[PDB]
Each structure stands twice: as structure tokens, then as C-alpha cells.
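Chemist: with the input below, show me the fold.
(chains A, B, C, D, E, F and G, ligands or ions: 5)
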Amino acid sequence: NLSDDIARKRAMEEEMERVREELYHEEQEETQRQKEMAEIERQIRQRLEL
Amino acid sequence: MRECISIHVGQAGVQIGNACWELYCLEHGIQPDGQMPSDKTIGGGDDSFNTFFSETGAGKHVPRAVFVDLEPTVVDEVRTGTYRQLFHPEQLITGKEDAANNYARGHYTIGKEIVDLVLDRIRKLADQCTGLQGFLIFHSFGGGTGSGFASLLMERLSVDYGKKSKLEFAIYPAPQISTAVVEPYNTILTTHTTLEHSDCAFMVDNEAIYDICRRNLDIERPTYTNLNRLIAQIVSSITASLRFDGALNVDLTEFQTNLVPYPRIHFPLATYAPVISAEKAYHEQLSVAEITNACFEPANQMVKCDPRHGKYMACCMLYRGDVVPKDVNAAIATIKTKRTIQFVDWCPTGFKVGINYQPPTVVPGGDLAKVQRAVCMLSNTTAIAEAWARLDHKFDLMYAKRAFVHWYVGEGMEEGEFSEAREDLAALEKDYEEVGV
Amino acid sequence: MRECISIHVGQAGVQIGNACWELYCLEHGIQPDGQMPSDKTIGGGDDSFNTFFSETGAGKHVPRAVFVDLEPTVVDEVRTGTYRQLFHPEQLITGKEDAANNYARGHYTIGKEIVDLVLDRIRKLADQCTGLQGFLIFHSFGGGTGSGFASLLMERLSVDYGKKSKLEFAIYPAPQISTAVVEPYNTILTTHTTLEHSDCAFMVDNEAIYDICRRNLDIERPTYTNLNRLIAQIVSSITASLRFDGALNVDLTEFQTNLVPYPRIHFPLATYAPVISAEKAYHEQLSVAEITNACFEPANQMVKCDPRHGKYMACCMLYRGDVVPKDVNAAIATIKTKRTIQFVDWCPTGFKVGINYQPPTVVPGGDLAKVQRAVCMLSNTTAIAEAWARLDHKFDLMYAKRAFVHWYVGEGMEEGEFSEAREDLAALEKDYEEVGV
Amino acid sequence: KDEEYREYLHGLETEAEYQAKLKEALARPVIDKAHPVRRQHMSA
Amino acid sequence: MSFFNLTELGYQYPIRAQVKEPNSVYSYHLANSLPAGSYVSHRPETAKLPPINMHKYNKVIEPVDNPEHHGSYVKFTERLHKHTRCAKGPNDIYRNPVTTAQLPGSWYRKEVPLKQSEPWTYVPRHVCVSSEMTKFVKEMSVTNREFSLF
Amino acid sequence: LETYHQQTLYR
Amino acid sequence: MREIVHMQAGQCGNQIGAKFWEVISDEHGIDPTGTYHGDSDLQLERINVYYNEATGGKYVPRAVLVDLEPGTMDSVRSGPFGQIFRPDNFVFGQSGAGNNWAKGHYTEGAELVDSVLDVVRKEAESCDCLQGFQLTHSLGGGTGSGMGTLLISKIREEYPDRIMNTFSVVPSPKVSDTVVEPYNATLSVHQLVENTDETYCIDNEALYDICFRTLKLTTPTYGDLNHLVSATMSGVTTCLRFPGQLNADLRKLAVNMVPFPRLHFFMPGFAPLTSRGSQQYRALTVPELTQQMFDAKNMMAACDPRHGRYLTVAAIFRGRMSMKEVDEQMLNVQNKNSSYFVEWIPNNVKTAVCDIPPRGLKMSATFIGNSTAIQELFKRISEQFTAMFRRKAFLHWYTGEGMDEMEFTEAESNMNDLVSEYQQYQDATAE
Ligand SMILES: Nc1nc2c(ncn2[C@@H]2O[C@H](COP(=O)(O)OP(=O)(O)OP(=O)(O)O)[C@@H](O)[C@H]2O)c(=O)[nH]1
Ligand SMILES: Nc1nc2c(ncn2[C@@H]2O[C@H](COP(=O)(O)OP(=O)(O)OP(=O)(O)O)[C@@H](O)[C@H]2O)c(=O)[nH]1
Ligand SMILES: Nc1nc2c(ncn2[C@@H]2O[C@H](COP(=O)(O)OP(=O)(O)O)[C@@H](O)[C@H]2O)c(=O)[nH]1
Ligand SMILES: [Mg+2]
Ligand SMILES: [Mg+2]
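Modeler: Numbering: from 1, shown residues only, chains lettered A, B, ... in the order given. Ligands and ions are numbered 1, 2, ... in the order given. Next comes the structure:
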């Protein structure tokens, strides 16, 4: 029982950190992906204004 | 009753303590918060936990440990982690600044300001305990706190406590593969001050732990977690004779008077060696002859050093589990009739054995398998002189051009004390050669 | 206590070992996960498994085999197949670079990189083995690992183990059916160096097993699975007297001293009967005389060559099932009074009879019929001079203008080894004709 | 003899699949590159 | 399809053909080409009668994350080095075997014993029981080496 | 073959 | 854990190997993005032979795209399975082709071979075993016969113990498309002779004859030829990637085929190759597969076998089949056609069998042969070269760009001696 308690705590901590860095990586990818359209919209607007 | 105080010094001592007190609590049944689990274990009475724990009356067991680290970044992990409600808060002592891999900084400037507090805590633990067996100082020669403050503690404590056996577990730097750069300086400085005060200094080398858990455990990516887990298994196999009832009980006084022939040769090698993964363990017998033959192998010494090119002083076998002394005697007889294992001429009787009925405890999330038999092999061997000579070579071709010396001089060390440390270790080499011839 | 170590080297050796350990597990009751179910059946203390299966005490049996190949593509299929949790994972020795069909490659450069680990595993397994009856070494003469590494392994074993029964099971090349191109080169090279190190050199010919499986198995398209199942039945019939009690038992020590007359003429031919299917087993009597007459038949020889143009030096007869000795004696007297089976003149007595009560155990999905009587006949005839003559006729024809020799001489083997092997096997042929005259 | 028949039906099903994809490719009325003048003419 | 659209010559997915639980399939709908408003002329290749309800033909295989290994050869390699064999066997993750090396051991059903599943394969074992002194010598000679009783 | 049979029954 | 490093160069090599990656990716169960979508472990045991794993489950291939002009790289990216190559091994020049072997070998080609070797060194000592290399190219261009030969020379010098093969789309008199093709082929065979381990030389006109014949392909274009070459590649290398009854890697094939060091010029072939109208009129069995193997219609390197004698011939079968049937067919072919085989080499057919068939076929086979008739193409290319170099053909480009005529004479001599070496064993008697 004492071993199973510690195993439960380690499993919960591992799951909580795994979901965490998954969120960080995927949010970073989302921000870069949005910046990709932002750059080309800036270029199109600059060309039209010029 | 048969209790022993555990001082952990430095990051390399604190992490070993974190991997060790977990195993102690899981072996003795105490929960991470210092309590018996839901008062269901309590049906009778026992003093098995009395060695490393002490009752506070109601339900609480505090450990006889003192965690010291000058930088406050690994002690706070203990003070905020799962084992927060186990340690007494005044035990987990920490400082403000860092020794910064400097023996002089850890021994003369920052070590001189917290030594009184840690000695007062040691005094309180000694007054609390009834009859002391000794101390276990878990540290690394390394650099910084583990070299300076550990040596300062073992000076100011050996002047205060009398003889009072002072076992010292030391993480020894590798032959080639080391972390810091002033590690030769710190090792040469700490061996001068940890020679007349230590009683038995168990060497552990990170390269040997990596190689052993890479070959036997099949772990291609090991770390300090596995390293300190194996060291925790070593200290459990050592202190199981004190804690639990066995056929032959071998305590600290047995360790000194059976492993220290002369009062300078007290640097043994600890090899815990029924180490095996959970996949290979189910396909093996793991019997007494196999586990004794595993220790007397150059690929299983837990210091990176071949015992074939050398001679044994004395040997200590510690068996745990359903092990019989007569298969033990058959194994020792086969070892003695074997030719590869070479002893000295002046020690015909060179074995001390301790049989214990307690099986090895298993930690969840670990890699060692649930075995029914364990053996810890403590060897005093002439072969450690090659490691001492390698550290002398590393010290010599840095002190030739005075590299990294102004740091120690500014922190407070005199220039010549390096030369007395080198002369002391050269005398240690001459002592090993004279006793090995 | 009688027990043997099986070394399966090469792709052919590993696949024969798979189809052989399947048969051993099926006839000893051990399930593929290694656990004997028992279930309190009619078994009353069975110990027949401890000739092939070690016993670590959990209910799990592990076999005494090493599956070695210098290419991972078949050892990995063993590791991922049905019999995955059976063998010791450190006894699935595999290499990195594939040794091509090249005796020099299998013997000299990359052969001497894994041989030490194989020897260490065999040393540990034989240290586990109490009384070692012998080694059963399974390979092919086609080349690479089965010809180079097998010869190197036998060269090392004959040095460090001594006079131990090294039974060998070779897949000899067919007269006209072939897969590789340098098979005469590899067979000529490996005969010269397995002549002085193998006690028995059992032959199996793929074309002969093909014609058997197409003629009396009624299998139009046989495969390596059927071939290795038949070889598995042959080797199980050979080795079952070590495991199951019989009326008169013969083991690996009487085995050689009854089969091999002279220290070079040690090339037995093993044939099995009945190899009939169930469709034709439903309409037969299957008496001992019938099965012996089927054994002594030119169309049933497995090393294919007509034995009517040869002399029988010795015949080892192995009977399994409800076999009484009077029918054995009557059948042997009948085939001795037959004028075709003529024995060599220095041999009025030339049969070694071994009776065993255990019948063959049918493998579901197999090809052989379940039978209550079986005879495995083991000839030592002079008809193998024809096979050696065909092998030399291929070898000198290939070597007459140095075809494929550049691979060997760039790998490291010198030019003189081909000539040495050719003269050695010519000496073997003149020994065969001077013993047949 | 059942598994060889299952192979035969998988062949026939892939024949039907190829015919359906071929009909869709005879459809898809844009023909690949479809130069932007023709593309905007078809769009408007 | 696949090889030159020769079609009726075997399986297009030779491994996925014999698998007990294959991967889930995605019935995709392609974004065609033209925008939401345009007239489409019936080309003289199709018919005024409707097209095939192309549901079993527009297919694409998406990966599944089994807990054995997460579709990753590197994790497969440290599992192989750790010698952790897979849980489900080749008799379970497949149908009747693909490779011919899986034929040794294809009759093994984990849930039922062989004797109960088919009774015609029962062979009564004839084994001699080991006596007391033979058991004594056998258990002692493993543990010790310098001891021998006649 | 269901959908084409609908127009087969239609005409 | 063996591996193969792919080193496609030139336009022809880039197109063929791109088709090869498309053929092998869905065979290993890899989508065009690069994510593993296979179900079993028979797919994901030997991914490392041709792929490297990246973080996120992506599997980049193990190819070094080599060229000297942009546009082939853009076509590779725009094609399907194009967004799977790493955009760092895309090494390419910015001046261009011109079918000049000097432009591919000595000048501005040679200032890019350093970058190619740097990429190959990264991608070679990135792993553990490094079994060998494949290179796909055409012997009729500046960036296929210059870059290819320079790469083979440098890498044979650097790693002189591995297996290292070329695929070599040879020229042809009919279907030629380039006038300096005899110059490039004769001047590059000189480098392929002493620096390769084996060359699987492939004829465009033979591929066209396959398309016109039994495939019955009305409009072949330049994709189905690369599909055929890719099928031969997969059939050759399938024994490294999948388990089999009898496995034989590239070094095993090299040992059991080439008897003497300057004889490694093999003739690829594939079976079955049927028509869509005849797909259901003949069962796919082992003897029919063997017959279509040994048919000259399925030979994609010209060289009609009847005008020559086979040396060592290897057949690599794929699919579930019986070794008895395979071996007796291999015996019966040799016994029936005893005239068209080497008398001083018995049993000269190297048989390999892999259990896993390719996609779309219940069984298949790959022919390679060290036939004597391969001297025909070298004879005709040497004939065109000696007809051109006689009255000083297109040569001012090569000489002003930096070669001497001694190189041309040396290449012609070192091709004619190879022709004589193959001609030697066409009528040599045993005893
Ligand atoms: N086995 C093991 N060794 C460690 C661990 N942490 C550090 N070490 C060893 O300690 C050496 C570095 O010296 P430290 O012990 O970290 O220095 P310190 O005692 O923390 O004192 P400072 O210099 O002030 O940091 C390294 O060479 C390591 O070998 C650990 O967690 N396990
Ligand atoms: N009876 C039988 N013979 C086999 C089997 N597999 C291969 N062979 C024989 O082996 C020959 C091919 O050489 P191999 O034995 O595979 O070569 P090897 O000893 O495994 O060494 P490598 O070259 O490294 O593969 C063929 O001619 C076959 O006759 C098998 O499963 N059963
Ligand atoms: N089989 C095949 N041949 C090709 C392909 N592309 C070009 N070729 C042939 O290559 C010859 C021209 O060589 P080229 O590829 O331009 O060489 P490069 O300039 O170095 O790339 C032509 O005669 C074509 O027949 C292809 O994709 N497949
Ligand atoms: Mg610190
Ligand atoms: Mg092999």
C-alpha cells in the first residue's frame, strides 16, 4: 500500500508535467503559425499602399 | 537503541539522502509525512525503525538526519516536496551563499559561519539518542561544500565526540569523465583533512555506476536518480544488520576492526552486486554462488578500478534474504580456491560475513528487480592506489603552472598547504605500496 | 542430471532451433511463456525437462540454448515471436554487420568480435549445468556464420572445454539444388577445420528432405518450416533417451563409441520413419519390421545418395513407442539376411539398439502423422565418398581460375588455405576408399 | 482456401475503387493547372 | 492501384490485410477547386445519372497511439535494449501468420489448453521419478563443487 | 449497385 | 542495424529516386507528411535503413539531393511526398548543366562536392553501422555523370570498406536526346569501373520497350519508367528491411555475384509485368514468375541473353512461397538452358526469398544478372565515341573548360579493356 501511494503520486506528477510541456510546445507552434500569416499580410498591405 | 546519525553535506549528499530516506521510509513502513499508515500496521511492537527514526509520542517518527547545503536550492526541494512533514525544520540547515567549487571558500569563509549551528543540531540529536553507533557522512570530494564544509565538520566533530565511529560515504571523481575542473584541487585538499578523522571512507565512482547500470541494468540513459538509488541500496544493505534481526549481525565496530588493518588504510570499495533488470531477473536463479561471483568481477566494482591488478586486504560480505551461511561458506571456499582473486600473504583469514533474513526492499519507479537475495561486498584493496596516483597526476599538471590558485589564496588558503596536501597523499601512496608488498 | 547445451548458429541453425524448441516445449509440457501448467494431472514428479530446461524457482523453465547469428533479422523475429518469453534475453546474441556468404568474413575479422561474448554466455550456462552431456551445434554448410563462425566456435570449445561430446547437425549442400554460389568454397573450407574438432557430424540434405516431403508426406509445396520440423523430430528422437526412461537407453557417450569407427570418419546420416501422413497412416500396420525396412531405404536417406553402392560400418537404431525387443531382433535378422544391405567385412555385429517407451508427440499444424512407433536410423556408410567427390568436383572447377578468391584474400585469409582444405578432404576420400575396400 | 478468396475480393474491391476514382478524375472539371485567366472566367 | 494499377494480383496493403484490429480510416471530403459560386458544365464523360457515393474509396489511414511504443523507432530501440517483450503475441495482433517464421507456435491459444481444445494430441508421458539419493546429489552438486558422495 | 437500380425501376 | 544512404544526383537521378521514395514510403507505412501510420511492427522494425527519426514522430528520408541547377529541386518539392526531405541536404548549384563532364567534375561542380561530402559526413556518422550507399544518376549528363563520378571517387576514397552501388541510366543510340552522351558515358565508365562495388545499369529504350509491350502502356511519360526502376530498387533492398525465409543483404549479393573485381555491371529486371486487359488471365505462381523473370521482355537493360552467356544470376523473390518450388525452378532453368551459362561455375543462381510482398502483388521477383551481353552497350557506346573522337567532335568545350585529350584516350582504353574482359568469358572452356 505504501508503494502504491508513492507510485500514484509519481504518476500524477508525470502526467501533470507532460500535459504542461505539450501545451507550451503547441502554443509556441500556434503563435509562430499565426505570425506566418501576419508577415505575408504585412507584405501585401505594403505593396498595395506603395 | 543501535541508532546512527546521518549527516548529508553538499548537493551530492542531499540528493543521496533524498533517494535514501525514501527507501528507509518504505522499508520501515513510515509514510512520507512521518506517520505509520492509518494505524493499521500497529498490532504489536518493534524497534526496527529505532535506528533511523525516533518516536515523538503521539504518532510521528522524525529521522536522525541533518541536511546541510550552503546554496539554498536543493534543501528547499526537500522543504517543499513530498517529505516536508517528515524532517524537523531545524535539521534541514542551509546557508546564504555558495562555496562555488572552492575548498577554501567552504572551509574558511562560509564554512566558519554555519558550523556552530550544525554542531548544535548534532549535539541535540546526540542528546536525543540513547546509545550512539556512529555517523554516516554522505558527501562528495567533488568541490566546494562537500570538500570544505565536510572536512570542517569532521574536524570540529572528531575533536568533540571522541572516537565515535564516523563512516564517510564519498563520491569520488572519475578517472577521466568529470563535471567540474578544480575537482583535483578539491580532492587533494580534502584528503589531507579527511585522513586523521575519518574511520572508514567508502568510495563510490560515477563512471563505475554508469557502466554497471548500463551493462547489467541495460539502461542506456542513466542519471543521478539511478546513481543515488544504488547508493541507497548500498547503505540499506550496510545498516540492515543494525536495523533487522539476522543470523550474523555485523555493525559499525565490526566494519572498522575487520576492514582497517592499519590506521591509514581505510578506503574500501562497496559493490552491491545482485543488480539485474526485471526482465533478466525472471530468467535467472540469482543464487548465492552467482551473487558472490558477481562481486569478484572487475566489471562490477562500483569504483572505476580493476581489482585484478592488486591485492585484497580484507573483505566483508553482507547477505540479505533467504540465504544460508553454508552456501555462503561454499561460495567463499570457491572464491579462495580461485586463482584470479588474489589476496595478501599476511591475511589468511580475510572474510567477514553478515547474514540477514530481511529481503531487499523494492522502490516503485526503480529499475532493480524484486530479488530474494542481495550481497554487498566491501573490499579493502591495494588497487585504489592507481586512482590516488591519477589524482596526483591531475594535481601535479595543474600546480606546475599555478592554475586556479589565486581563488584559494584570496579566499584564505596559504600557498604551501597545497604542497603539504600533496606530500600527505604521496605518503598515502608509500603506505599502500609498503602494505601491498 | 544428464543435460545438453544447444548452440544454434546461422539463419538455418536459428530456424531449426525455433522448430526444435517448439517440439521440446510441446513434448515436455512447458508453455511458450515458460510456465509448466501441471494442474495436478497424472504427472507424479516429472523431471524429464531437466536435460534441456533450467529451473529458476517460480514455475518458469528456461532452455539451455544460445541463438547466435551475425545478423539481427532472424534473432529479432525470435525476440518478437510466440516464444519470446522463453529464452534468456542475453542468450539471443546478435551482431551488427551481416557476415556475407564468406568463410573468411565469418571466421577472421567480424567473427572475432562476438565469439568472446558467445564463449562467456556458454561458460555461464555450462557453469549452471551440473553434469554436461554435450553440445548440440546446429548450422548449415552454405557459408558465412554457419561455416566460419561455427568452425571458430568449435575451435575455441575444443580448446577450453576438452573432451566433451560436440554433436553437430549440418545442412549439407545438395548435389544440384543450391541457393548460394560459393557453397563449395565454404563447405571445403569448413570441413578441413571441423574434421578435428567435431565428434559427430550429422548430415541433412535439403533436396532429400524436399523429395521426402513431396513423395511420402503428400506435400506438393514444402518449406523450411516442414524441413525444420522433420529435423526437430530427428534430433528429439536422438536425444529423448536422456529424458524419458526406456527399456534400454543409449546416451551421447555410448553414442559415439558405437557410431564412429575411426577418428576422421565421423559423418553419420540420420533418417526417420515413419514420415507418412495421416491419410496414409489410416491404412497401414506400422509394425517394427515395416518401419525398419522404411528406415533402410535408398529413397528415404536424407543426405541423398544411394547406399546400395556403399558399405555400412555401423548403424545406430533408435526405437520409440510400444516397441518390444523381439520385433527389433527379427527385423535386424531379416535385414541382415537380405543380400542388398551388405556390411563391411570387419563388422559381424553392426547395430546399436536403443529402446524408449515415449512415443512421438504430434505437433498441431504439422505434416508428420501421430504414430505409436518410430525408428530413427543412423548410418555410418561409405556412400558419403560420392558426396565428397561431387563437392570436390564443384570446388576444383570453381577454383581452377580463381573465381571469387579475391573476396577471401582481401578479407584476410591467405591463398594456401584453399589448397590445404582440398588436400585434407582428398585425404578424407582416400581414407574412405581404403576403409571401404 | 478462405484466405486466398479474401485476397481475390480485395482485388475486385480495388478494381471498383480504381474505376470510381477514375470517374471522379474524368469529373473534377478544372484540369489541373488551369491558367488564372481561364480560372477567373470559370469562377465568374 | 499502387503498382501500375494492376489491381487483381494481391493485396495493396499486404500487412494491413491480416491484422485483427487495423487502424481507423478517415473518409475525407476534398476541397474541390472552384469557389462556392460557379456554373458547372456536365462534361461529356460522366452521366446525367448520379455519381458513386464515394465513401469507401476516399480513404486515408491515420495513426493510432498504442501504449507499446508511440510510433517511434527510438523508443522501440531502448525497449529492445531493455529486453521488454511486447504484451500481445503474433497470434493475437495478427490473423494467420504473415511471415513463415511465425508458423512454429501458431497452434498456441492462450485461453484454452491444447489437450482441451483438441483431444487427439494427448501423449501420456513415461518418465521415471528421481529417487531420494539422486535428488540429493542433484540439489547438492549445483550449490557445491568439492563434495561428492558415491 | 443500389442507386442505379432506382433509375432502372424509374424507367 | 544496417542502413543505406541515398545520394541521388542529376535530373534523371532526382526524378527516379523521388519516385523510389514514394514507392518505399507507403511500403514502410509513411504518409507524405512523414508520420508513421503503419499498424504492425514488421513496418517499424527496419525504418532506420532508409529513414532518420525527428522529434514529433516525423521520419525524414536518408537522401542527399545533388544537382547544379534549381528547378529539379522545386519539382521534387512540388511533387507528392516532397515535403518529407529535410531542407538542408538540398545541395544544388546556381550556374547549371550543359551535359559537360568537365562542368560536372573539375570546375564549378567541384566547388560544391565539398558541401555534398559535408552533408554525407553528417548523415553518415550520425548513426551507428553505415552499411553503404546508393547513387542514382544518368550516364548522359553533366550533373549525373560528373557529380555522380566525383561523389563515387571521393566516397570510395573516404570509406573504402562499405557497400556502395550505382544505378546508372545508360544512354542508347535510339532514344538518345543528347549528342555528347557517348562522350559522357565513355568518360564516366572509367570512373565507375574502379570505384563502385556494383552498378545496376538501366536502359531507357529497354524501359520504353517494356512500356510498349506487356505493360501495354499507351502514354508512358517519364513517371512509369521511374516506377519500374523504383520497383527494382525495392526488390533489391527488401531483404534488409523485411524478414524472409532466406535473407541476403547487399554485401551478400556483391559476394555471390561478381567473381572478379572488374565485372560488377548487372542487369536489373522485374516480374510480374502484365497488362490491365490480361491481369486476370494468368495466376501468379512461382513458375510463371520465374518464366517472366527470365523472359527478355522484362529485361530493362537491353542485352538480349541469347547473344551471350550468363555468369552469376541472382533472383530475389518477395511473398509467401515455397523454397522447394523456387529451388527446383532455379535448377530447371539452368538444366534447360545449359548453353547460356558459365561451364566453369556450377549452381550460379543466387536465390533470396523475403516473406513480405510489395504493395499490389501477392508475390514478385527481382532479377539481376552478370550477363556477358552487357558488353553490347559498352561496345556500341565505344563505337560512337571512336566515331566522334576520330574527326575531332564536340571537344573545344571540354578542352577550354579544362581537360586534355589524354583523359579521353585513357577512358576509351579503360572501356575497351572492360569490353575485352567480358568478351574473355564468353567462350572460355573449363578443361
Ligand atoms: N552520485 C551522485 N553524484 C553527484 C550528484 N550530484 C553531484 N554529484 C557529484 O558531485 C560532484 C560536484 O560537486 P558537488 O557535490 O555537486 O559540489 P557541492 O557539494 O554541491 O558544493 P558546491 O561546489 O558549492 O556546489 C560531481 O562531480 C558529481 O560527481 C548526485 O546527485 N548523485
Ligand atoms: N533445412 C533448412 N536449411 C536452411 C534453412 N535456412 C537456410 N538453410 C540452408 O542454408 C543455406 C543458406 O545459407 P545460410 O545457412 O542461411 O547462411 P548462414 O549460416 O545463416 O550465415 P549467413 O550467410 O550470415 O546468413 C541454404 O542453402 C539452405 O540450404 C532452414 O530453415 N532449414
Ligand atoms: N528513365 C529516366 N530517364 C531520364 C529521366 N530524366 C532524364 N532522363 C534521361 O536523361 C537524359 C538526359 O540526362 P539528364 O537527366 O539531363 O542529365 P543531367 O543534366 O546531369 O541531369 C535523357 O536522354 C533522358 O532520357 C527520368 O526521370 N527517368
Ligand atoms: Mg553546492
Ligand atoms: Mg542469415
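
Chemist: burial of residue E:130, as a residue count?
Modeler: Each residue near residue E:130 was counted by other C-beta atoms under 10 Å in any protein chain shown, and the total is 17. For every residue, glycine as well, the C-beta is placed using N, CA and C.

Chemist: what's the closest non-adjacent residue to it?
Modeler: With sequence-adjacent residues excluded and distances taken as C-beta to C-beta, 6 or more residues apart in numbering or on different chains, residue E:130 is closest to residue C:47, at 4.8 Å.

Chemist: distance of the one you found relative to residue E:134?
Modeler: Relative to residue E:134, residue C:47 is positioned 9 Å away (criterion: C-beta to C-beta, to the nearest Å).

Chemist: next: residue B:124.
Modeler: 65 Å.

Chemist: repeat for residue G:357
Modeler: Between residue G:357 and residue E:134 the distance is 55 Å, computed by C-beta to C-beta.

Chemist: for residue G:309, same thing?
Modeler: Using C-beta to C-beta, one obtains 68 Å as the distance from residue G:309 to residue E:134.

Chemist: the more surrounded of these two?
Modeler: When neighbours are counted by other C-beta under 10 Å, residue G:309 and residue E:134 differ, and residue G:309 comes out ahead with 19 against 13.

Chemist: which one is the residue sitting nearest the centre point of chain G nearest to, not counting chain neighbours?
Modeler: Geometric centre of chain G, nearest residue: residue G:167, 2.3 Å, by C-alpha atoms, centre = their mean. Sequence neighbours aside, residue G:136 is the residue nearest to residue G:167 in space, at 4.5 Å (criterion: C-beta to C-beta, 6+ apart).

Chemist: my guess is the one you found contacts residue G:16, does it?
Modeler: Yes: under the contact definition of C-beta atoms under 8 Å, residue G:136 touches residue G:16, with a separation of 5.2 Å.

Chemist: list residues touching both of those two?
Modeler: With C-beta atoms under 8 Å, 6 or more residues apart in numbering or on different chains applied, the overlap between the contact sets of residue G:136 and residue G:16 consists of G:8, G:167, G:169, G:229.

Chemist: ends of stretch G:170-186, how far apart?
Modeler: The first and final residues of stretch G:170-186 sit 10 Å from each other (C-alpha to C-alpha, to the nearest Å).

Chemist: sorry, back to before: ok, the residue nearest to residue E:130 - contacts?
Modeler: With contact set as C-beta under 8 Å, 6+ apart, residue C:47 has these partners: E:127, E:129-130.

Chemist: again, only using 10 Å
Modeler: Contacts of residue C:47 were listed using C-beta atoms under 10 Å, 6 or more residues apart in numbering or on different chains, and they are C:1, C:55, C:243, E:127-130, E:134-135, E:138.

Chemist: so which helix or strand takes in it?
Modeler: Mapping residue C:47 onto the secondary structure by DSSP states H and E places it in no helix or strand at all.

Chemist: what's the spacing between the residue in chain E positioned nearest to ligand 3 and chain A?
Modeler: Each residue of chain E has a distance to ligand 3, by C-beta to the nearest ligand atom, and the smallest belongs to residue E:4, at 15.3 Å. Counting by C-beta to the nearest C-beta, to the nearest Å, the separation of residue E:4 from chain A is 39 Å.

Chemist: that residue contacts residue G:364, correct?
Modeler: No: checked against C-beta atoms under 10 Å, the pair residue E:4 and residue G:364 is beyond contact range at 11.6 Å.

Chemist: between the two, which one's more packed in?
Modeler: Summary of the neighbour comparison: residue E:4 and residue G:364, criterion other C-beta under 10 Å, with residue G:364 having more neighbours (28 against 21).
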